[PDB]
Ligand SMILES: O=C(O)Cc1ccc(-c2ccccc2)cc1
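In the form deposited without the named molecule, a lone chain appears below as structure tokens.
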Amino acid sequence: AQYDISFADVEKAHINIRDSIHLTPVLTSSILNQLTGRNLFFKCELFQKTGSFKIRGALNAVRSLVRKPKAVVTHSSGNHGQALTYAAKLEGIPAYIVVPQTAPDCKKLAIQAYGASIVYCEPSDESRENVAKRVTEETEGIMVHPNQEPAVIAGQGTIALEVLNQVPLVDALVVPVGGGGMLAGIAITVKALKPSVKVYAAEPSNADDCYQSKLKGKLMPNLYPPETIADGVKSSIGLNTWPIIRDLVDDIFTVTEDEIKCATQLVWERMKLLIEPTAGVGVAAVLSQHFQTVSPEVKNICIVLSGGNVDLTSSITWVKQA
């Protein structure tokens, strides 16, 4: 009944960011329709400013602060970091981004290109959170969490406002899940406007905390730091997004590393959209064996292609020839 955001927060966020973001297109694919037997629609957040949907939450959070702040601080595998740095730069606010050592080089470099101070941490939720806390204290900055901050969650939710308008007959949204900010914002939004529309999460089997949490009915974070090509969804879900996910998300589909790699390459080759592997997670979910159990009434499915920030040099390892 009462969560850390409401639909009204999402509506407000949309008005406050729409002049500063792209109304990204919804594209289709005949081959992917044929492979799934569904009518698919691809929400192209890879074309968003900074290369992912994270600009939505970042702009909303920075503008929700509006003496100006001394600094903004966060932890990020890269996309929220880039987005926050860009949003903060527009207001003349310096940014400190705490980033795991094992984040992709392209993401590390982009954060530095936008002028942030990058601070490497160890690759775990605990290290990300603890180092961001220390950096926040040292800089006397403002922490803008990548997925648990209400202003961030409300910003990500605005994706659903656009999808429901662009695909008026949509039956389901499929959303990749890491910390659950996007999934939670979208769930709040869809279930407020047209709750008959399904909200499905897609998650790596190698980082399956959201799936485990829903199964067990309690928050079950990753016990070991995840090893996955879906580098942007290694975070566990958190205390603010869990209750929304528990109550408002219809199902969660897990996908293996091989499935993620295959779906990502299929989008590259067939749609010509350079999605990052994390964005391939949603595509893998709809292609998966378990998704065939979804009712045939759920025909019009919109998959969020959440980002396009991929290391081309690092992607030469897993790319397979036909």
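Between two forms, the rigid core is defined as the largest C-alpha subset superposing within 1.5 Å. Don't overthink the numbering: it's just position in the shown sequence, from 1.
Missing here is the form solved in complex with the named molecule; even so, the following discussion is about that form.
Although the chain is displayed without it, the named molecule can be placed by superposition from its pose in the entry with it bound; doing so yields three or more atoms within 2.4 Å of backbone or C-beta atoms, and the site is blocked.
Remark: residue 154 does not count among the residues lining the named molecule in the entry with it bound, judged by a heavy atom distance of 4.5 Å or less. Taking non-hydrogen atoms only, residue 144 approaches the named molecule to within 4.5 angstroms in the entry with it bound. At the 4.5 Å threshold, heavy atoms of residue 76 reach the named molecule in the entry with it bound. Comparing 144-152, 246-254, 217-225, 190-198 against the named molecule in the entry with it bound, the single stretch with non-hydrogen atoms within 4.5 angstroms of it is 144-152. Residues of 76-95 that come within 4.5 Å of the named molecule in the entry with it bound, judged by any heavy atom, are 76, 80, 84 in sequence order. Of the residues listed here (215, 169, 223, 90), only one shifts its CA by 2 angstroms or more between the shown form and the other one after fitting on the rigid core, and it is 90.
After superposition on the rigid core, displacement of the C-alpha of residue 182 between the shown form and the other one stays below 2 Å. In this overlay on the rigid core, residue 246 has a C-alpha that sits less than 2 Å away from its partner position between the shown form and the other one. Relative to the superposed rigid core, residue 236 undergoes a CA displacement smaller than 2 Å between the shown form and the other one.
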